[PDB]
Amino acid sequence: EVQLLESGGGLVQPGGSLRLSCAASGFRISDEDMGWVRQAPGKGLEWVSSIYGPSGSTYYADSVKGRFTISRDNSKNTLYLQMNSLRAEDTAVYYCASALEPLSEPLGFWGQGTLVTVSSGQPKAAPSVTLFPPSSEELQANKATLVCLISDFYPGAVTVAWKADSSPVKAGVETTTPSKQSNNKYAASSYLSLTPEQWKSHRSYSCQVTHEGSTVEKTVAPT
Amino acid sequence: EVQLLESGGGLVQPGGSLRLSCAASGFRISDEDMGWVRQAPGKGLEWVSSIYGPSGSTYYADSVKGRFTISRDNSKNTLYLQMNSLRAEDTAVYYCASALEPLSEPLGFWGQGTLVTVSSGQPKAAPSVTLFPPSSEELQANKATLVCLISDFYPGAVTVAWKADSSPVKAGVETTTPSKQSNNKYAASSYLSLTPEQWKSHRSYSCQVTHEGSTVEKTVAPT
Amino acid sequence: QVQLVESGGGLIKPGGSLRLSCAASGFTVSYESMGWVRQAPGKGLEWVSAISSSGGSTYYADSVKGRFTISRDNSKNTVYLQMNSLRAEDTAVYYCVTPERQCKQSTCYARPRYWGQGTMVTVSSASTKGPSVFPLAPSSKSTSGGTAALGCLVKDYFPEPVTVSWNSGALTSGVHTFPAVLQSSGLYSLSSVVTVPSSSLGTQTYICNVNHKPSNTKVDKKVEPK
Amino acid sequence: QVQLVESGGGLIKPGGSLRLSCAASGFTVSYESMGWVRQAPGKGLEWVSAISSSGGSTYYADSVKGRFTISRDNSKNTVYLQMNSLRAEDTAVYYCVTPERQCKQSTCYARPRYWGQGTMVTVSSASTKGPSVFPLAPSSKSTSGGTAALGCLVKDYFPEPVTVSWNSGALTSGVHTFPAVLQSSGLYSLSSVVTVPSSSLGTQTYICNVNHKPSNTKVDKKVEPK
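Here you go:
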């Protein structure tokens, strides 16, 4: 199956610049009209730029023309989006999007979406993470839940990885999307549902959370 | 409105070659995946070649691979189809076809379609044309019909143009598609419906038929 | 390029309904997008409807929406085109081509292309009517060599066929009874010419025999000079 | 980028029906193709349906066909998305984006793009249920400085909201009662931590107050060390 994996993005003060990458797999970016759409709360999904085939003709939203640049690198099969002279209104989750080929297996294809934040008075912040093993009152109640709580991180974007002993785990993982706190940092939770058999049949469980790639983690064991 | 006008094609003996042209208007041939389809009686419409975007990757039917060549000339906005080593089975009406853009005003766009004929024992043949004015028994019956009969032309392709005095006419023109005769040449008819007022209010009427561009014509007048 | 069996054309009056279909005969089709192309007499090609591989996504042309319905039974290797409330604008030959998609794949490139034979759909409000035969008289110009072409016009009959002969089959050298044309009235019309020695003009008399047995009617009509 | 007013989300049980819509508020939309995008919690975006400018051609995703129906009333500047036989796989936030087509035109380039706010559709077979409160006990490691984080887990309640406090609102410094998560059971769950001086641990007793008035139920539950 084809895939579009996104990289780049982060935190920037007004006036700074970023470059988003979209790695194309299973197809070449040239025959397919790609575009970028940004997601902000209350702003839905709005197209900001799109490239239209070999002629290189490009579309830009009025608020980004003269600042953003769409581009393809076919020797690397990558769709780029240079974002210069960034303002606070540019803060959003930016998704890589393709042409829509409506008679195909899915209609459109989407990138994972990376957060782009533009602010001045707020610095970087690594997250505080505490991990709780299942309570005895819960294990006596036939179920077990590992609770991973993440707080005080900026910008508001994290990815949580759960690991039985060392192998990554698949199911029962429920993590909320980051939410703003009172000190204007962000918080997030991550729960791992678990039947008492697997909890007692494993040497350790770990909750890996990475913010700006920042592996912070905690490990709990029944012992 | 965009248009795709076709040129080229004709009669060729086995082993010869032709080049079909497709003039693109209102858009550029590079962003749009064009193709060629041929039409033969009992063979429907079969795709023979199609070009797929800037990567230049091409599709060919098994019977034409190694003989036909799809190509774009963007400095002239033209889609080409070189046809070498032609055989008798290649004889058909070849249509220029585009990608199908299914969410648009029409879905697909088609060229006019030019006839490509490959035969050996049959030479070129200019058409015999005779034009009949409306009969007196018909004009006395409140209607008038100009009858233009075309015969003994090869290959089987003609285009008929009707002209009141000198201006081309629009309506009431009914011309059959060419049909094979006993001597294996072709025949075609062209009727011009007419109300007795316009027939007597015009100095002349003419039926222009062109085969291989061959303006043969006849002119009739009420006088 | 592999053929599907196409069925379900024919004649009907405006407002009626017909169903076309294409199926695989003895094999299983690799399921993919399918479309229908039609060509009105004397006009170009146009797409009327398309359906995705799974059969859930359907296109329709604007002059066709609401009246037509495309569908497919993949268990039967068959695509359908239900046409309702047919109009005279729908009179055309319908084909069963597979579409050309934006491929971008080695699977969309070499996918099998399927085609149908092409069935005629005729929407006419007319029915059985005898022909009106008009003489196409010879011209003012008659060389005593040959060069004398006369004919007779067979106008506004329904339906096909009509049998034309000259002098009860006596004259047979040089006649061209052309195929018939369908006009905006729903009726057929054709003409039949002979070219004949001009020295016999004025002495030999020519009558064309125009049978339309669908209405049980001939006409033998002279072609004399004015 | 111009906004349409989006309406018609909410909660329902599996097999039910809801209708979403986007309309223009005080202006006339330049009619063009429209699509619907949804995003399940924690997962990526996906297209669910698209409709052409004239409203005759409709796409549907395979996990959606038959159950959903897209339509538009251009006289009302409104597009609709009728959703029937809803399943738990349909729980997502639905958007009202305009598609990105193969343009090839100066008209498709600068066409106005329309967006909707994004409404939540929740398909849950659960209903009113009080919460199960579990103590997240402190750890074996307590420095006599501070570093003591305890919490209480609020599991399997329905529906939102739930009010959490510590020691009947006495303790307020340093609590983080996180937003709730929807799980595969249709129920909500959250937890609320405080971090507290460790010297008070063993002498000061902490109970979190967990009100779920939708079911008319609190729980005050201690967080003592094991």
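Keeping their order, the protein sequence lines are chains A, A', B and B'. A prime marks a further copy of an entry chain.
Sequential numbering from 1 applies to the first sequence in PDB author numbering.
Sequential numbering from 1 applies to the second sequence in PDB author numbering.
Sequential numbering from 1 applies to the third sequence in PDB author numbering.
Sequential numbering from 1 applies to the fourth sequence in PDB author numbering.
Note that the Cβ used here is the ideal one computed from N, Cα and C, for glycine as well.
- prompt: Can you name the residues of chain B' whose CB is closer than 9 Å to the CB of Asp73/A'?
  reply: For this step, residue 73/A' is matched to residue 73 along the second sequence. The contacting residues do not exist; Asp73/A' stays about 17 Å from chain B' at best.
- request: Identify which residue in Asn209/B', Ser52/B', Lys13/B' has its Cα closest to the Cα of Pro106/A'.
  value: Along the second sequence, one-based indexing puts residue 106/A' at 106. If we check each option's Cα against that of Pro106/A', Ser52/B' comes out closest.
task: Using a Cβ-Cβ cut-off of less than 8 Å, list which residues of the stretch 97-127 of chain B' approach chain A; keep chain order.
output: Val97, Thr98, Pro99, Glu100, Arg101, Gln102, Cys103, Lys104, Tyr109, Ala110, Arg113, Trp115, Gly116, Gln117, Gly118
task: Starting from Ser7/A', find everything on chain A with Cβ-Cβ shorter than 9 Å and list it in chain order.
output: Residue numbering aside, residue 7/A' sits at position 7 when the second sequence is read from its first letter. Going along chain A, no residue has its Cβ under 9 Å from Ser7/A', so there is no contact; the nearest lies around 24 Å.
- prompt: When the Cβ atoms of the stretch 64-83 of chain A are set against those of the stretch 19-37 of chain A, are three or more pairs found closer than 8 Å?
  reply: yes
- request: Less than 8 Å between the CB atoms is what I'm expecting for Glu32/A' and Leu20/A', so what's the real figure, rounded?
  value: Taking the second sequence and counting its residues from 1, one reaches residue 32/A' at position 32. Taking the second sequence and counting its residues from 1, one reaches residue 20/A' at position 20. Rounded, the Cβ-Cβ distance is 17 Å, inconsistent with contact.
- request: Return helix, strand or coil for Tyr109/B, following the three-state DSSP convention.
  value: Start at 1 with the first residue of the third sequence, and residue 109/B comes out as number 109. Helix at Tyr109/B.
message: Just to confirm before moving on: does the CB-CB distance between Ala88/B' and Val37/B' stay below 7 Å?
response: The residue labelled residue 88/B' in the question sits at position 88 within the fourth sequence. The residue labelled residue 37/B' in the question sits at position 37 within the fourth sequence. No. Outside cutoff.
message: Quick check on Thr195/B: buried or exposed, where buried means 16 or more other Cβ atoms within 10 Å of its Cβ?
response: The residue you call residue 195/B lines up with position 195 of the third sequence. Answer is buried; the Cβ neighbour count reaches 16.
query: Cβ atoms of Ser191/B' and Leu153/B': under 7 Å apart, would you say?
result: Residue 153/B' sits at position 153 when you count from the first residue of the fourth sequence. Residue 191/B' sits at position 191 when you count from the first residue of the fourth sequence. Result yes, Cβ atoms of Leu153/B' and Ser191/B' sit closer than 7 Å.
- request: Could you please give me the residues that DSSP links to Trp47/A through a beta bridge?
  value: The count along the first sequence starts at 1 and reaches residue 47/A at position 47. Per DSSP, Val37/A.
message: Against chain B, with Cβ distances strictly below 7 Å, would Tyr52/A' count as a contact?
response: The residue you call residue 52/A' lines up with position 52 of the second sequence. Chain B places a beta carbon closer than 7 Å to that of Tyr52/A', counting this residue as a contact.
- prompt: Just curious, the beta strand (DSSP E) that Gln82/A is in, first and last residue?
  reply: Position 82 of the first sequence holds residue 82/A. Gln82/A -> beta strand (DSSP E) spans 78-83.
- prompt: Looking at chain A, which residues of the stretch 171-182 of chain B have a Cβ within less than 9 Å of any of its Cβ atoms?
  reply: none
query: Quick one: what's got a C-beta closer than 6 Å to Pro197/B''s C-beta in the same chain, skipping five residues either side?
result: What you label residue 197/B' is simply residue 197 of the fourth sequence in a count that begins at 1. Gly146, listed in sequence order.
- request: Just the chain B side, please: which residues come within less than 8 Å of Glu46/A by C-beta, in chain order?
  value: Here the question's residue 46/A lines up with position 46 in the first sequence. Those within 8 Å of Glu46/A in chain B number zero; the least Cβ separation is about 25 Å.
field: Residues that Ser135/A contacts on chain B', provided the C-beta gap is smaller than 8 Å
entry: Sequence index remark: in the first sequence, residue 135/A carries index 135 (1-based). Ordered by position in chain B', the residues that pass the 8 Å Cβ test against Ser135/A are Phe134, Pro135, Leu136, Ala137, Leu153.
Inter-residue spacing [alpha-carbon to alpha-carbon] between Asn167/B' and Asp220/B': The residue given as residue 167/B' occupies position 167 in the fourth sequence. The residue given as residue 220/B' occupies position 220 in the fourth sequence. Going from the Cα of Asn167/B' to the Cα of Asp220/B' covers about 8 Å.
field: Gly202/B' versus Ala148/B', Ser189/B', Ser57/B', residue with shortest Cα-Cα distance
entry: By one-based count along the fourth sequence, residue 202/B' stands at place 202. Checking every option, the nearest Cα to that of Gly202/B' belongs to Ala148/B'.
task: Output the residue ranges of the alpha helix (DSSP H) runs that lie fully inside the stretch 109-155 of chain A' and measure 4 residues or longer, sorted by chain position.
output: 136-139
message: Given this structure, state the Cα-to-Cα distance separating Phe158/B' from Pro214/B', to the nearest angstrom.
response: Residue 158/B' sits at position 158 when you count from the first residue of the fourth sequence. Residue 214/B' sits at position 214 when you count from the first residue of the fourth sequence. Spanning the two alpha carbons is a distance of roughly 8 Å.
message: Taking the beta carbon of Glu101/A' as the centre, do at least 16 other beta carbons fall within 10 Å, making it buried, or is it exposed?
response: Against the second sequence, residue 101/A' aligns to sequence position 101. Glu101/A' should be labelled buried.
message: Against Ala50/B', what residues of chain A' qualify as contacts under a CB-to-CB distance less than 9 Å, listed in chain order?
response: Numbered from its first residue, the fourth sequence carries residue 50/B' at position 50. The contacting residues are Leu103.
- request: Can you give me the start and stop residues for the beta strand (DSSP E) that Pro196/A sits inside?
  value: Along the first sequence, one-based indexing puts residue 196/A at 196. Careful: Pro196/A lies outside any beta strand (DSSP E), inside the alpha helix (DSSP H) at 196-200.
message: So, with DSSP's three-state summary, where would you put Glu89/B?
response: Looking up residue 89/B in the third sequence gives position 89. In this structure, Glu89/B counts as helix in the three-state DSSP scheme.
query: Residue range of the beta strand (DSSP E) that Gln39/B' falls in?
result: To locate residue 39/B', count along the fourth sequence from 1; it is residue 39. Following the DSSP letters along the chain, one finds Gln39/B' inside the beta strand (DSSP E) bounded by residues 34-39.
message: Using a Cβ-Cβ cutoff of 7 Å, what residues of the stretch 41-66 of chain B' are near chain B? List them in chain order.
response: Cβ proximity to chain B below 7 Å picks out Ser54, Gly56, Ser57, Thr58, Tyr59, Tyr60, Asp62, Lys65 from the stretch 41-66 of chain B'.
field: Neighbourhood of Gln183/B by C-beta distance below 7 Å, restricted to the same chain and skipping five residues each side
entry: As a first step, residue 183/B is located in the third sequence; it is residue number 183 there, counting from the start. The residues are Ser189.
query: What are the start and end residues of each continuous beta strand (DSSP E) run of 3 or more residues lying completely inside the stretch 171-218 of chain A, in chain order?
result: Given a length threshold of 3 residues, each whole run of the beta strand (DSSP E) inside the stretch 171-218 of chain A is given here in chain order: 173-175, 186-194, 205-210.
query: Shorter than 7 Å from the beta carbon of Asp33/A to some beta carbon of chain B?
result: As a position in the first sequence, residue 33/A is number 33, starting the count at 1. No, because no Cβ of chain B sits closer than 7 Å to the Cβ of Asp33/A.
task: Please state whether DSSP places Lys141/B in a helix, a strand or coil.
output: Walking along the third sequence from the start, residue 141/B turns up at place 141. Coil at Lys141/B, not helix or strand.
message: Just to confirm before moving on: does the CB-CB distance between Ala92/A and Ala40/A stay below 7 Å?
response: Here residue 92/A corresponds to residue number 92 of the first sequence, with the count starting at 1. Here residue 40/A corresponds to residue number 40 of the first sequence, with the count starting at 1. Yes.
- prompt: Within 7 Å (strictly less), CB to CB, does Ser30/A' reach chain A?
  reply: The sequence position of residue 30/A' within the second sequence is 30, counting from 1. For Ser30/A', the answer is yes, since a Cβ of chain A falls inside 7 Å of its Cβ.
message: Less than 6 Å between C-beta atoms, sequence neighbours within five positions excluded: which residues of the same chain meet that for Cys96/A'?
response: Taking the first residue of the second sequence as 1, we reach residue 96/A' at position 96. Within the same chain, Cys96/A' has close Cβ partners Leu4, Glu6, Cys22, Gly111.
query: Under 7 Å between the Cβ atoms of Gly35/B' and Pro135/B'?
result: In the fourth sequence, the residue the question calls residue 35/B' occupies position 35. In the fourth sequence, the residue the question calls residue 135/B' occupies position 135. It is not a contact, given that the beta carbons lie outside the stated cut-off.
Closer than 9 Å at the beta carbon, the chain B' residues around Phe109/A': Counting from one through the second sequence, the residue named residue 109/A' turns up at place 109. Within 9 Å Cβ-Cβ: nothing; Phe109/A' doesn't reach chain B', min ~11 Å.
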